[PDB]
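Peer 1: Pasting in a structure now, in structure tokens, and then I'll have a few things to ask.
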Amino acid sequence: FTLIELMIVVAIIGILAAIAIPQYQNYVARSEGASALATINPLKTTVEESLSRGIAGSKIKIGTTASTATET
Amino acid sequence: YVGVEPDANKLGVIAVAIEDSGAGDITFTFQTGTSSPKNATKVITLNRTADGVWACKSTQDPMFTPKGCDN
């Protein structure tokens, strides 16, 4: 081993240790909103169906408790 | 006995009551457990005068009333 190789390696290390990094927060901030609406939009179909069929409001809830001929 | 039940149509209930003098009224009352919210508790009626004239009326909104009666 010599000093030339070691110095060249040290210089190349510092050279590589200079890559810039741009922002990456707005991407996730927008992806979260693009998914929230896509997930909570389809409920309007069920709401309109329940309001136009015959049953009144209030009884319309969320979860997984089966269904019947009165509550949705 | 006309061949229709008082609740044949699930949208509402029908009621007839002809008086002895011929005058009477056939009414249809919308139910709250089947009809729409706007057409809930509304009543349509067809009346027969004593002389023998048929008129009709309703209690729904103007835009929802059919093209054959008033409000």
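Order-wise, the sequence lines are chains E and G.
With this note's numbering as the guide, the letters of the first sequence map in order to residues 1 to 72.
With this note's numbering as the guide, the letters of the second sequence map in order to residues 101 to 171.
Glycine residues also receive a C-beta, built at the ideal position from the N, C-alpha and C atoms.
1) Along the chain, where does the alpha helix (DSSP H) containing residue 124(G) start, and where does it finish?
2) Could you list which residues in chain E have their beta carbon closer than 8 Å to that of residue 135(G), in chain order?
3) Only counting the same chain, and skipping five residues up and downstream in sequence, which positions put a Cβ closer than 6 Å to that of residue 48(E)?
4) For residue 62(E), write down the residues that DSSP places opposite it in a beta bridge.
5) Looking only at its chain, what residues have a beta carbon closer than 8 Å to the beta carbon of residue 113(G), apart from the 5 residues adjacent to it on each side?
6) So which residues of chain G does residue 37(E) contact, with C-beta pairs closer than 8 Å?
7) Taking 6 Å as the limit between beta carbons, can you name the residues of its chain near residue 72(E), skipping five residues before and five after?
Peer 2: Reading off the structure:
1) No alpha helix (DSSP H) contains residue 124(G), which is instead part of the beta strand (DSSP E) from 124 to 130.
2) Simply 54.
3) So no residue of the chain qualifies.
4) The partner list for residue 62(E) (beta bridge, DSSP) is empty, contrary to what the question assumes.
5) Counting only Cβ-Cβ distances below 8 Å, and skipping sequence neighbours, we find 106, 107, 128, 129, 131.
6) Think of a sphere of 8 Å around the beta carbon of residue 37(E): no beta carbon from chain G falls inside it, the nearest being about 27 Å out.
7) Excluding positions up to five away in sequence, the list reads 50, 60.
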